[PDB]
Amino acid sequence: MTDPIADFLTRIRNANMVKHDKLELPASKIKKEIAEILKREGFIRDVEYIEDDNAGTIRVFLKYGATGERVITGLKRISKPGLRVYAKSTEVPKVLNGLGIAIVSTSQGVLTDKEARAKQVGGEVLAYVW
Amino acid sequence: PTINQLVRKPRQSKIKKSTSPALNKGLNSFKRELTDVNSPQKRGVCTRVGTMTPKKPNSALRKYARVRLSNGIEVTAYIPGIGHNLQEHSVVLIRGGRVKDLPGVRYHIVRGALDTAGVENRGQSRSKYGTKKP
RNA sequence: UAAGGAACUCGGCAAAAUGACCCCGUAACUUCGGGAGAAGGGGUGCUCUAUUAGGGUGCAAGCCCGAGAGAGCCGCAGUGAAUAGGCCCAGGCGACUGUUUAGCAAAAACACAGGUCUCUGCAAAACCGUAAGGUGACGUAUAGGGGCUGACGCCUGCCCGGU
RNA sequence: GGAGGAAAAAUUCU
RNA sequence: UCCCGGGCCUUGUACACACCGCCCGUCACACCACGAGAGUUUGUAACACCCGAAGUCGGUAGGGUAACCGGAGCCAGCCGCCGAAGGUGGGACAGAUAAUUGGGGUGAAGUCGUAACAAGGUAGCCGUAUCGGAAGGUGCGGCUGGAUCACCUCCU
RNA sequence: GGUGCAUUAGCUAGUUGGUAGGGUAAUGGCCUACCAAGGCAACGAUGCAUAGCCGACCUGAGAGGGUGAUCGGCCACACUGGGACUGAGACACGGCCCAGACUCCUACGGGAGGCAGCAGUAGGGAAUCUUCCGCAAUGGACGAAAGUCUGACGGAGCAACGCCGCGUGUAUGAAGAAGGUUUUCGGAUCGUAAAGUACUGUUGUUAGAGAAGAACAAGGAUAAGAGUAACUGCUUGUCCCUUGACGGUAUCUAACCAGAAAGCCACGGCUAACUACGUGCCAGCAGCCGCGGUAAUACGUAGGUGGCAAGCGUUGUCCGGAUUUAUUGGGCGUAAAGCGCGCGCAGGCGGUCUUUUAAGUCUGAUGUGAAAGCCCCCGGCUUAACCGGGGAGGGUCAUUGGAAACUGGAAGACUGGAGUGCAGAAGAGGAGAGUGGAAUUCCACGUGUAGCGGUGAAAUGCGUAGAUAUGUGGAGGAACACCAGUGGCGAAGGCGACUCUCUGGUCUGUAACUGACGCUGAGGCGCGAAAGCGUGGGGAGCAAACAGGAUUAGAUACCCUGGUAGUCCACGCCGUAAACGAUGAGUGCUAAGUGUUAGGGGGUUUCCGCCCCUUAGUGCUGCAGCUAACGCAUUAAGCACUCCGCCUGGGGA
Ligand SMILES: [Mg+2]
Ligand SMILES: [Mg+2]
Ligand SMILES: [Mg+2]
Ligand SMILES: [Mg+2]
Ligand SMILES: [Mg+2]
Ligand SMILES: [Mg+2]
Ligand SMILES: [Mg+2]
Ligand SMILES: [Mg+2]
Ligand SMILES: [Mg+2]
Ligand SMILES: [Mg+2]
Ligand SMILES: [Mg+2]
Ligand SMILES: [Mg+2]
Ligand SMILES: [Mg+2]
Ligand SMILES: [Mg+2]
Ligand SMILES: [Mg+2]
Ligand SMILES: [Mg+2]
Ligand SMILES: [Mg+2]
Ligand SMILES: [Mg+2]
Ligand SMILES: [Mg+2]
Ligand SMILES: [Mg+2]
Ligand SMILES: [Mg+2]
Ligand SMILES: [Mg+2]
Ligand SMILES: [Mg+2]
Ligand SMILES: [Mg+2]
Ligand SMILES: [Mg+2]
Ligand SMILES: [Mg+2]
Ligand SMILES: [Mg+2]
Ligand SMILES: [Mg+2]
Ligand SMILES: [Mg+2]
Ligand SMILES: [Mg+2]
Ligand SMILES: [Mg+2]
Ligand SMILES: [Mg+2]
Ligand SMILES: [Mg+2]
Ligand SMILES: [Mg+2]
Ligand SMILES: [Mg+2]
Ligand SMILES: [Mg+2]
Ligand SMILES: [Mg+2]
Ligand SMILES: [Mg+2]
Ligand SMILES: [Mg+2]
Ligand SMILES: [Mg+2]
Ligand SMILES: [Mg+2]
Ligand SMILES: [Mg+2]
Ligand SMILES: [Mg+2]
Ligand SMILES: [Mg+2]
Ligand SMILES: [Mg+2]
Ligand SMILES: [Mg+2]
Ligand SMILES: [Mg+2]
Ligand SMILES: [Mg+2]
Ligand SMILES: [Mg+2]
Ligand SMILES: [Mg+2]
Ligand SMILES: [Mg+2]
Ligand SMILES: [Mg+2]
Ligand SMILES: [Mg+2]
Ligand SMILES: [Mg+2]
Ligand SMILES: [Mg+2]
Ligand SMILES: [Mg+2]
Ligand SMILES: [Mg+2]
Ligand SMILES: [Mg+2]
Ligand SMILES: [Mg+2]
Ligand SMILES: [Mg+2]
Ligand SMILES: [Mg+2]
Ligand SMILES: [Mg+2]
Ligand SMILES: [Mg+2]
Ligand SMILES: [Mg+2]
Ligand SMILES: [Mg+2]
Ligand SMILES: [Mg+2]
Ligand SMILES: [Mg+2]
Ligand SMILES: [Mg+2]
Ligand SMILES: [Mg+2]
Ligand SMILES: [Mg+2]
Ligand SMILES: [Mg+2]
Ligand SMILES: [Mg+2]
Ligand SMILES: [Mg+2]
Ligand SMILES: [Mg+2]
Ligand SMILES: [Mg+2]
Ligand SMILES: [Mg+2]
Ligand SMILES: [Mg+2]
Ligand SMILES: [Mg+2]
Ligand SMILES: [Mg+2]
Ligand SMILES: [Mg+2]
Ligand SMILES: [Mg+2]
Ligand SMILES: [Mg+2]
Ligand SMILES: [Mg+2]
Ligand SMILES: [Mg+2]
Ligand SMILES: [Mg+2]
Ligand SMILES: [Mg+2]
Ligand SMILES: [Mg+2]
Ligand SMILES: [Mg+2]
Ligand SMILES: [Mg+2]
Ligand SMILES: [Mg+2]
Ligand SMILES: [Mg+2]
Ligand SMILES: [Mg+2]
Ligand SMILES: [Mg+2]
Ligand SMILES: [Mg+2]
Ligand SMILES: [Mg+2]
Ligand SMILES: [Mg+2]
Ligand SMILES: [Mg+2]
Ligand SMILES: [Mg+2]
Ligand SMILES: [Mg+2]
Ligand SMILES: [Mg+2]
Ligand SMILES: [Mg+2]
Ligand SMILES: [Mg+2]
Ligand SMILES: [Mg+2]
Ligand SMILES: [Mg+2]
Ligand SMILES: [Mg+2]
Ligand SMILES: [Mg+2]
């Protein structure tokens with residue numbers, strides 16, 4: 001319905017608040033890209049792609065630090081169906097003063113803020129996560 | 001509201017009215033009309049003088065005046081200071097500033113700029129009340 | 001009929017003025033139909049384009065009907081004579097069309113569609129007649145007789161002691 | 001504790 | 001069980017000066033702003049006809065005229081279309097003013113009642129109809145933003 | 001690309017297009033004749049109101065908000081309205097013709113004029129300047145040149161109107177001159193501030209030296225070129241001579257002088273800074289909280305203190321604070337704020353995968369975004385203001401080359417969404433016709449006699465013409481006891497007797513079928529308790545209005561006795577409510593415990609029954625989370641996205 005990426009972010013947010021360890025949801029290309037990015041920056045622990053003959057699903061394990069500390073402290077959606085947001089190469093933002101990351105879809109695929117500013121390319125910003 | 005609701009009709013501010021309308025317009029005799037020109041002070045002609053009573057809990061009598069401005073406006077002004085040399089058919093200079101004590105008075109009278117006189121035996125705050133250095 | 005234009009008079013009484021056909025244009029109010037021919041304006045004659053453009057008629061010959069345009073011409077004046085609405089604003093009464101004192105009063109009077117009350121179960125009530133006999137009615141309470149009010153809109157208050 | 005149904009009594013003033 | 005006075009717990013409150021509280025409406029007096037009003041008055045932008053100067057253009061030119069070959073050409077004069085201002089007519093819009101009138105608002109002790117706040121002493125409120133000096137009353141339908149709730153039934 | 005109103009919805013007819021023609025420097029209904037009825041508009045046409053536009057200025061963290069002073073660029077106007085001539089260029093500020101208003105001359109026939117040019121006068125205003133010098137410099141028009149003109153311009157005068165800069169002295173000088181202010185009358189305070197002491201002249205007075213801005217043009221020699229038969233002349237280069245309104249101006253040099261130079265506002269809190277006297281809800285202060293009634297840090301004055309400074313206060317306008325229109329950056333249970341509900345056009349948004357396109361998106365290069373202004377770096381004025389050089393910034397800008405993740409387009413593919421199929425289930429869902437019992441009222445008839453009814457007490461009222469009570473029969477109307485249950489159905493209002501006929505919706509079970517066919521939805525259409533309106537019926541109970549009896553100081557009420565419209569039926573209007581869960585619709589995620597309605601699967605069990613699992617409704621208690629709190633909490637007021645409606649202090653309303 002309308003926005004699946006917002007549903008993705010809301011699922012991780014709810015599971016993080018509940019201190020859940022495992023999450024599953026239907027899969028797509030952009031969902032797999034977001035999960036792979038989050039795994040690269042270590043926000044999540046692991047991600048698996050389970051094959052079912054409707055669309056396939058993705059399962060992510062939430063990662064918590066020592067003494068039950070939340071690794072992911074917030075997810076915000078920037079681009080929306082009612083208002084799209086596009087950022088230039090010199091307009092890409094720094095999430096949480098460099099402590100967090102942003103996801104941007106540019107002409108070279110999905111990248112983070114560091115990759116986008118390294119190649120001097122721009123795209124549309126999808127979300128902030130910190 | 002949603003972005004579409006905002007593009008369909010945009011936001012609007014609230015029109016704030018002024019406090020001293022009589023200072024905000026002039027009169028044209030050739031067209032016999034009223035124009036929007038804002039001025040700091042104006043001059044007018046007195047019609048009557050007297051002293052009215054305030055609201056609760058105050059009871060002291062206050063000196064006021066009724067003036068026809070340059071645009072023929074019935075304006076009730078206040079007389080500051082101790083004592084005055086004002087009477088009917090006198091030229092007065094009206095200035096902005098309202099007093100809460102009187103429910104109708106909204107303007108002050110400059111002392112020492114026109115037919116109006118200053119205040120005798122004034123040592124402090126001498127710039128106002130129009131008293132020169134002794 | 002000079003000049004004036006209701007100064008006359010109880011009162012513009014009488015007279016004067018508008019008047020035909022074509023085109024433009026047209027208010028408040030309204031029961032949405034009207035008001036409305038509102039008001040206010042413009043054009044009309046003759047000759048040449050021209051047995052018109054086009055129509056009706058007929059097999060054709062031919063015969064009738066005739067709008068727009070142009071150029072011109074003549075008078076003070078062109079529906080050149082007779083015949084042919086004057087208009088507007090506001091109030092009272094009566095909704096309207098209609099009827100009335102032959103021979104003084106045409107109306108604000110009567111009537112009217114509508115409203116309400118009341119009587120009548122049929123050999124109906126009511127009415128004419130001594131009666132027979134009739135109208136009502138060859139009808140049957142969505143029908144018939146009598147009293148009052150008078151379209152339509154909003155309403156129609158209190159008193160049953162007296163008659 | 002919460003929701004539904006449901007009787008009997010009843011003068012005026014400060 | 002009842003009558004009277006206390007004590008504790010609980011409940012409702014628009015009170016805190018603490019119910020000798022708070023608070024509503026009409027009437028009489030003064031002032032202020034606004035609407036309506038038979039009328040009067042000022043201005044704005046158009047429209048439809050009548051008349052129409054200067055001027056450009058078009059047509060004639062009997063009157064006048066050196067350059068070109070008496071003729072041509074030209075000009076004065078006259079006529080026609082367009083045309084500012086003006087005149088007439090019916091509408092549109094805007095402002096001021098007007099006998100009187102309608103509700104509204106403010107005003108240290110006016111008059112009449114006590115409608116609401118406690119179950120406010122007839123529970124209150126909403127829509128509607130009718131009635132009354134006034135707050136308001138009554139009928140119909142709805143709500144709890146309702147105090148008490150003997151007896152009976154379900155839920156935690 | 002840059003404004004307010006929909007309480008401004010239709011506007012237009014040479015208008016819309018075409019065929020020929022005329023006209024202009026040029027295209028074009030720019031104009032004419034003919035032909036067809038077009039054209040613009042909820043993406044706001046037409047109309048009303050205000051307004052010159054921009055570079056830019058003020059404010060603001062920024063996004064934005066307000067304005068168009070000075071200067072630069074474009075446009076329009078020249079007393080009002082119309083027209084043409086000359087000219088390359090005008091429908092022409094100091095040119096022409098006509099009409100209009102005003103001023104002036106006249107011999108009465110007729111003529112002249114236009115400061116929104118520089119100064120200046122009158123009037124309006126709260127408010128704005130000399131009736132000055134010069135073409136020396138820069139630039140214009142004319143000429144071969146000298147040269148003439150230039151209120152452009154270069155300068156001087158007035159106004160603290162603004163910014164910047166400097167001064168009214170400096171060091172020393174005491175348990176502390178003298179005198180004010182107070183005093184707990186010992187003292188404190190002004191205060192190193194004074195006098196004294198030593199020093200300087202930035203200003204000021206007196207007397208003198210005194211620049212740049214000046215390049216020239218022209219005139220005389222020259223040297224070299226092109227041209228020529230030769231010159232004269234022409235182009236370039238080098239020299240000689242001449243030119244100042246400002247102006248004896250800036251500047252500099254000497255002598256004298258602490259002498260000739262400080263004011264305004266404020267002091268309870270916001271906000272920096274207190275004592276005394278006088279007054280006594282008076283005089284008065286005031287942006288707000290509010291002070292003044294006898295002990296006033298708030299009124300007036302004196303002393304003291306604080307801020308600023310040749311300025312200081314008051315007023316008017318704009319921005320901020322104001323997140324108080326919230327894109328950045330707010331909300332709608334109870335504070336303002338969810339339409340009463342539904343069906344749906346336009347619009348907004350849209351499940352999964354593949355190929356392709358580059359409209360959106362991102363990026364490179366070219367041109368352009370004037371000068372002045374903000375900003376950065378350098379400089380010049382004794383510093384600063386100011387001035388100069390270079391640089392940077394600013395666009396949903398035109399040409400063009402690139403990438404294809406995402407939104408968009410095209411061609412395909414798939415079922416999770418959506419719908420149909422097949423098998424079951426439940427229900428006061430709606431319309432039409434017929435029927436049933438209990439009870440109330442009225443009428444008739446038997447038995448029977450003095451009360452009945454009503455209230456806190458009474459009374460009006462019915463009754464000996466015979467009630468109330470009881471038994472039998474008849475007439476008619478409205479509502480449906482028990483079942484009945486925070487049970488059921490419907491989008492909402494709402495729907496309870498029974499039977500039939502015609503019809504709408506929902507749930508579960510299966511996976512057969514199509515393959516995104518979906519959500520929301522301004523304007524439209526329809527439904528919508530009760531009260532009310534129109535026409536025609538019906539009328540048993542109840543009952544607005546109304547009457548009587550009571551209560552009360554009064555009682556236009558509550559209470560009692562009667563009672564009309566209405567409540568009922570058919571058709572047609574009306575379109576409202578505390579129309580409420582005071583909570584818009586759609587989708588997904590997020591602890592549990594326990595009832596109940598309609599289904600499905602399994603295990604125990606011969607059945608019954610018990611247990612477990614699951615779908616869709618309906619109640620309660622509760623975790624995280626949210627809230628100002630009450631509270632909500634898988635039927636969210638939690639976490640997210642799409643679309644619509646609405647809110648911006650109370651009264652007036
Ligand atoms: Mg003071
Ligand atoms: Mg005569
Ligand atoms: Mg005559
Ligand atoms: Mg007359
Ligand atoms: Mg007479
Ligand atoms: Mg007469
Ligand atoms: Mg007559
Ligand atoms: Mg008429
Ligand atoms: Mg003639
Ligand atoms: Mg008649
Ligand atoms: Mg007669
Ligand atoms: Mg007669
Ligand atoms: Mg007979
Ligand atoms: Mg008969
Ligand atoms: Mg009559
Ligand atoms: Mg009567
Ligand atoms: Mg009688
Ligand atoms: Mg009687
Ligand atoms: Mg209960
Ligand atoms: Mg007690
Ligand atoms: Mg005890
Ligand atoms: Mg107690
Ligand atoms: Mg309590
Ligand atoms: Mg009553
Ligand atoms: Mg309801
Ligand atoms: Mg701009
Ligand atoms: Mg602007
Ligand atoms: Mg052509
Ligand atoms: Mg203007
Ligand atoms: Mg400036
Ligand atoms: Mg701000
Ligand atoms: Mg400006
Ligand atoms: Mg100016
Ligand atoms: Mg300019
Ligand atoms: Mg001028
Ligand atoms: Mg003038
Ligand atoms: Mg010419
Ligand atoms: Mg000129
Ligand atoms: Mg001039
Ligand atoms: Mg001038
Ligand atoms: Mg003057
Ligand atoms: Mg010069
Ligand atoms: Mg020159
Ligand atoms: Mg001259
Ligand atoms: Mg000048
Ligand atoms: Mg000058
Ligand atoms: Mg000045
Ligand atoms: Mg200055
Ligand atoms: Mg200074
Ligand atoms: Mg001194
Ligand atoms: Mg000294
Ligand atoms: Mg000294
Ligand atoms: Mg002393
Ligand atoms: Mg000293
Ligand atoms: Mg000397
Ligand atoms: Mg000298
Ligand atoms: Mg000198
Ligand atoms: Mg030479
Ligand atoms: Mg030379
Ligand atoms: Mg030399
Ligand atoms: Mg020489
Ligand atoms: Mg010389
Ligand atoms: Mg010279
Ligand atoms: Mg000189
Ligand atoms: Mg001199
Ligand atoms: Mg000097
Ligand atoms: Mg000397
Ligand atoms: Mg000396
Ligand atoms: Mg000196
Ligand atoms: Mg000295
Ligand atoms: Mg000195
Ligand atoms: Mg001084
Ligand atoms: Mg004081
Ligand atoms: Mg002092
Ligand atoms: Mg001081
Ligand atoms: Mg703001
Ligand atoms: Mg927002
Ligand atoms: Mg808010
Ligand atoms: Mg909401
Ligand atoms: Mg509310
Ligand atoms: Mg609702
Ligand atoms: Mg509501
Ligand atoms: Mg709705
Ligand atoms: Mg659509
Ligand atoms: Mg998509
Ligand atoms: Mg620039
Ligand atoms: Mg400039
Ligand atoms: Mg420097
Ligand atoms: Mg500068
Ligand atoms: Mg510069
Ligand atoms: Mg520069
Ligand atoms: Mg820059
Ligand atoms: Mg692709
Ligand atoms: Mg399905
Ligand atoms: Mg009986
Ligand atoms: Mg298939
Ligand atoms: Mg609607
Ligand atoms: Mg009803
Ligand atoms: Mg009825
Ligand atoms: Mg009753
Ligand atoms: Mg409503
Ligand atoms: Mg509501
Ligand atoms: Mg929702
Ligand atoms: Mg459930
Ligand atoms: Mg709960
Ligand atoms: Mg909330």
# chains A, B, ... in the order shown; residues from 1 in each chain; ligands from 1
$ residues_near_ligand --ligand "ligand 82" --cutoff "12 Å" --atoms "only C-alpha atoms (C1' of nucleotides) and all ligand atoms" --output "VMD selection string"
(chain E and resid 126) or (chain F and resid 332 337 to 340 577 to 580 582 645 to 646)
$ residues_near_ligand --ligand "ligand 20" --cutoff "8 Å" --atoms "only C-alpha atoms (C1' of nucleotides) and all ligand atoms" --output "list in words"
residues 6, 7 and 8 of chain E
$ residues_around --residues "region 108-115 of chain B" --least-positions-apart "5" --cutoff "8 Å" --atoms "only C-alpha atoms (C1' of nucleotides)" --output "JSON, numbers by chain"
{"B": [77, 78, 79, 80, 90, 91, 92, 93, 94, 95, 96, 97, 98, 128, 129, 130, 131]}
$ select_by_dssp --residues "chain B" --states "alpha helix (DSSP H)" --output "ChimeraX atom specification"
/B:3-8
$ interface_residues --of "chain B" --to "chain A" --cutoff "10 Å" --atoms "only C-alpha atoms" --output "list in words"
residues 2, 3 and 4 of chain B
$ residues_near_ligand --ligand "ligand 40" --cutoff "9 Å" --atoms "only C-alpha atoms (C1' of nucleotides) and all ligand atoms" --output "NGL selection string"
:F and (115 or 117-120)
$ write_last_selection --atoms "N, CA, C and O atoms (P, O5', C5', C4', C3', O3' and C1' of nucleotides)" --output "PDB file, in the first residue's frame"
ATOM      1  P     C F 115       5.419  75.537 -17.591  1.00  0.00           P
ATOM      2  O5'   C F 115       5.351  74.158 -16.797  1.00  0.00           O
ATOM      3  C5'   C F 115       5.304  74.133 -15.379  1.00  0.00           C
ATOM      4  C4'   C F 115       6.685  73.992 -14.791  1.00  0.00           C
ATOM      5  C3'   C F 115       6.757  73.784 -13.286  1.00  0.00           C
ATOM      6  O3'   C F 115       6.557  72.429 -12.923  1.00  0.00           O
ATOM      7  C1'   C F 115       8.322  75.441 -13.944  1.00  0.00           C
ATOM      8  P     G F 117       9.004  70.075 -15.470  1.00  0.00           P
ATOM      9  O5'   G F 117      10.575  70.067 -15.722  1.00  0.00           O
ATOM     10  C5'   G F 117      11.480  70.003 -14.629  1.00  0.00           C
ATOM     11  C4'   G F 117      12.889  70.331 -15.051  1.00  0.00           C
ATOM     12  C3'   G F 117      13.694  71.152 -14.053  1.00  0.00           C
ATOM     13  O3'   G F 117      14.322  70.347 -13.070  1.00  0.00           O
ATOM     14  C1'   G F 117      13.848  72.138 -16.195  1.00  0.00           C
ATOM     15  P     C F 118      14.387  70.831 -11.541  1.00  0.00           P
ATOM     16  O5'   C F 118      15.509  71.961 -11.541  1.00  0.00           O
ATOM     17  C5'   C F 118      16.864  71.654 -11.840  1.00  0.00           C
ATOM     18  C4'   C F 118      17.731  72.882 -11.734  1.00  0.00           C
ATOM     19  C3'   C F 118      17.535  73.709 -10.473  1.00  0.00           C
ATOM     20  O3'   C F 118      18.274  73.205  -9.374  1.00  0.00           O
ATOM     21  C1'   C F 118      17.490  75.130 -12.365  1.00  0.00           C
ATOM     22  P     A F 119      17.686  73.321  -7.886  1.00  0.00           P
ATOM     23  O5'   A F 119      17.956  74.839  -7.492  1.00  0.00           O
ATOM     24  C5'   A F 119      17.007  75.574  -6.738  1.00  0.00           C
ATOM     25  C4'   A F 119      17.258  77.057  -6.845  1.00  0.00           C
ATOM     26  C3'   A F 119      16.267  77.948  -6.116  1.00  0.00           C
ATOM     27  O3'   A F 119      16.520  78.050  -4.726  1.00  0.00           O
ATOM     28  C1'   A F 119      16.572  78.764  -8.301  1.00  0.00           C
ATOM     29  P     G F 120      15.363  77.683  -3.673  1.00  0.00           P
ATOM     30  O5'   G F 120      14.279  78.833  -3.875  1.00  0.00           O
ATOM     31  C5'   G F 120      14.620  80.197  -3.679  1.00  0.00           C
ATOM     32  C4'   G F 120      13.612  81.122  -4.315  1.00  0.00           C
ATOM     33  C3'   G F 120      12.180  81.001  -3.818  1.00  0.00           C
ATOM     34  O3'   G F 120      11.958  81.677  -2.592  1.00  0.00           O
ATOM     35  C1'   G F 120      12.192  81.078  -6.180  1.00  0.00           C
TER      36        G F 120
END
$ residues_near_ligand --ligand "ligand 104" --cutoff "12 Å" --atoms "only C-alpha atoms (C1' of nucleotides) and all ligand atoms" --output "PyMOL selection string"
chain F and resi 595-597+615-619+634-635
$ closest_atom_pairs --of "chain B" --to "chain F" --cutoff "10 Å" --atoms "only C-alpha atoms (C1' of nucleotides)" --output "tab-separated table"
residue	atom	partner	partner_atom	distance
B:1	CA	F:331	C1'	9.3
B:2	CA	F:643	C1'	8.5
B:3	CA	F:327	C1'	8.4
B:4	CA	F:348	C1'	6.8
B:5	CA	F:644	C1'	8.6
B:6	CA	F:327	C1'	9.5
B:8	CA	F:522	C1'	9.7
B:10	CA	F:325	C1'	8.9
B:11	CA	F:325	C1'	5.1
B:12	CA	F:325	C1'	5.3
B:13	CA	F:325	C1'	5.4
B:14	CA	F:325	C1'	7.9
B:20	CA	F:316	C1'	9.3
B:23	CA	F:316	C1'	7.8
B:24	CA	F:316	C1'	8.5
B:26	CA	F:125	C1'	9.4
B:27	CA	F:124	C1'	9.4
B:28	CA	F:124	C1'	8.5
B:29	CA	F:124	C1'	9.0
B:38	CA	F:316	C1'	6.6
B:39	CA	F:316	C1'	5.4
B:40	CA	F:316	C1'	3.9
B:41	CA	F:126	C1'	5.0
B:42	CA	F:126	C1'	5.4
B:43	CA	F:126	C1'	7.4
B:57	CA	F:281	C1'	8.3
B:58	CA	F:281	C1'	6.5
B:59	CA	F:281	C1'	6.1
B:60	CA	F:281	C1'	6.6
B:61	CA	F:282	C1'	9.0
B:62	CA	F:284	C1'	9.0
B:70	CA	F:125	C1'	9.6
B:80	CA	F:284	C1'	9.3
B:81	CA	F:284	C1'	8.1
B:82	CA	F:284	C1'	7.7
B:93	CA	F:126	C1'	8.5
B:94	CA	F:126	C1'	9.5
B:95	CA	F:315	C1'	6.2
B:96	CA	F:315	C1'	5.5
B:97	CA	F:315	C1'	7.6
B:99	CA	F:286	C1'	7.8
B:100	CA	F:286	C1'	8.6
B:101	CA	F:286	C1'	9.3
B:108	CA	F:315	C1'	9.8
B:110	CA	F:314	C1'	9.3
B:121	CA	F:300	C1'	9.2
B:122	CA	F:300	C1'	8.3
B:123	CA	F:301	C1'	7.7
B:124	CA	F:301	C1'	8.6
B:125	CA	F:265	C1'	7.5
B:126	CA	F:264	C1'	9.0
B:127	CA	F:313	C1'	7.0
B:128	CA	F:314	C1'	7.7
$ interface_residues --of "chain F" --to "chain A" --cutoff "10 Å" --atoms "only C-alpha atoms (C1' of nucleotides)" --output "JSON, numbers by chain"
{"F": [348, 349, 350, 351, 352, 353, 361, 362, 363, 403, 404, 405, 406, 407, 414, 415, 416, 417, 518, 519, 586, 587, 588, 589, 590, 591, 624, 625, 639, 640, 641, 642, 643]}
$ residues_around --residues "region 36-38 of chain C" --least-positions-apart "3" --cutoff "12 Å" --atoms "only C-alpha atoms (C1' of nucleotides)" --output "PyMOL selection string"
(chain C and resi 19+25-28+85+87-88) or (chain E and resi 90)
$ residues_near_ligand --ligand "ligand 91" --cutoff "12 Å" --atoms "only C-alpha atoms (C1' of nucleotides) and all ligand atoms" --output "PyMOL selection string"
chain F and resi 371-373+375-378+388-392
$ interface_residues --of "chain E" --to "chain B" --cutoff "12 Å" --atoms "only C-alpha atoms (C1' of nucleotides)" --output "list in words"
residues 31, 32, 42, 43, 95, 96, 106, 107 and 108 of chain E
$ residues_near_ligand --ligand "ligand 15" --cutoff "10 Å" --atoms "only C-alpha atoms (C1' of nucleotides) and all ligand atoms" --output "MDAnalysis selection string"
chainID C and resid 148:150
$ write_last_selection --atoms "C-alpha atoms (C1' of nucleotides)" --output "PDB file, in the first residue's frame"
ATOM      1  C1'   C C 148     -71.970  33.307   6.149  1.00  0.00           C
ATOM      2  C1'   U C 149     -67.046  34.642   3.889  1.00  0.00           C
ATOM      3  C1'   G C 150     -65.018  35.774  -1.234  1.00  0.00           C
TER       4        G C 150
END
$ residues_around --residues "residue 58 (chain F)" --least-positions-apart "6" --cutoff "8 Å" --atoms "only C-alpha atoms (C1' of nucleotides)" --output "PyMOL selection string"
chain F and resi 66-67+318-319
$ write_last_selection --atoms "N, CA, C and O atoms (P, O5', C5', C4', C3', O3' and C1' of nucleotides)" --output "PDB file, in the first residue's frame"
ATOM      1  P     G F  66       4.790  40.448   2.621  1.00  0.00           P
ATOM      2  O5'   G F  66       5.440  41.845   3.026  1.00  0.00           O
ATOM      3  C5'   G F  66       4.891  42.626   4.077  1.00  0.00           C
ATOM      4  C4'   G F  66       5.755  43.821   4.392  1.00  0.00           C
ATOM      5  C3'   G F  66       6.032  44.774   3.240  1.00  0.00           C
ATOM      6  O3'   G F  66       4.970  45.678   2.995  1.00  0.00           O
ATOM      7  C1'   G F  66       8.047  44.305   4.371  1.00  0.00           C
ATOM      8  P     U F  67       4.696  46.217   1.505  1.00  0.00           P
ATOM      9  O5'   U F  67       5.944  47.159   1.194  1.00  0.00           O
ATOM     10  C5'   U F  67       6.094  48.409   1.849  1.00  0.00           C
ATOM     11  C4'   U F  67       7.390  49.087   1.475  1.00  0.00           C
ATOM     12  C3'   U F  67       7.576  49.425   0.004  1.00  0.00           C
ATOM     13  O3'   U F  67       6.899  50.607  -0.387  1.00  0.00           O
ATOM     14  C1'   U F  67       9.550  48.437   0.844  1.00  0.00           C
ATOM     15  P     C F 318       3.154  48.471  10.113  1.00  0.00           P
ATOM     16  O5'   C F 318       4.539  47.848   9.630  1.00  0.00           O
ATOM     17  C5'   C F 318       4.821  47.679   8.249  1.00  0.00           C
ATOM     18  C4'   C F 318       6.212  47.138   8.026  1.00  0.00           C
ATOM     19  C3'   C F 318       6.595  45.918   8.847  1.00  0.00           C
ATOM     20  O3'   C F 318       6.093  44.708   8.309  1.00  0.00           O
ATOM     21  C1'   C F 318       8.349  47.499   8.921  1.00  0.00           C
ATOM     22  P     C F 319       5.788  43.461   9.273  1.00  0.00           P
ATOM     23  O5'   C F 319       7.229  42.864   9.604  1.00  0.00           O
ATOM     24  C5'   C F 319       8.015  42.252   8.593  1.00  0.00           C
ATOM     25  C4'   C F 319       9.381  41.861   9.105  1.00  0.00           C
ATOM     26  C3'   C F 319       9.411  41.020  10.371  1.00  0.00           C
ATOM     27  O3'   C F 319       9.158  39.646  10.140  1.00  0.00           O
ATOM     28  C1'   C F 319      10.975  42.772  10.564  1.00  0.00           C
TER      29        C F 319
END
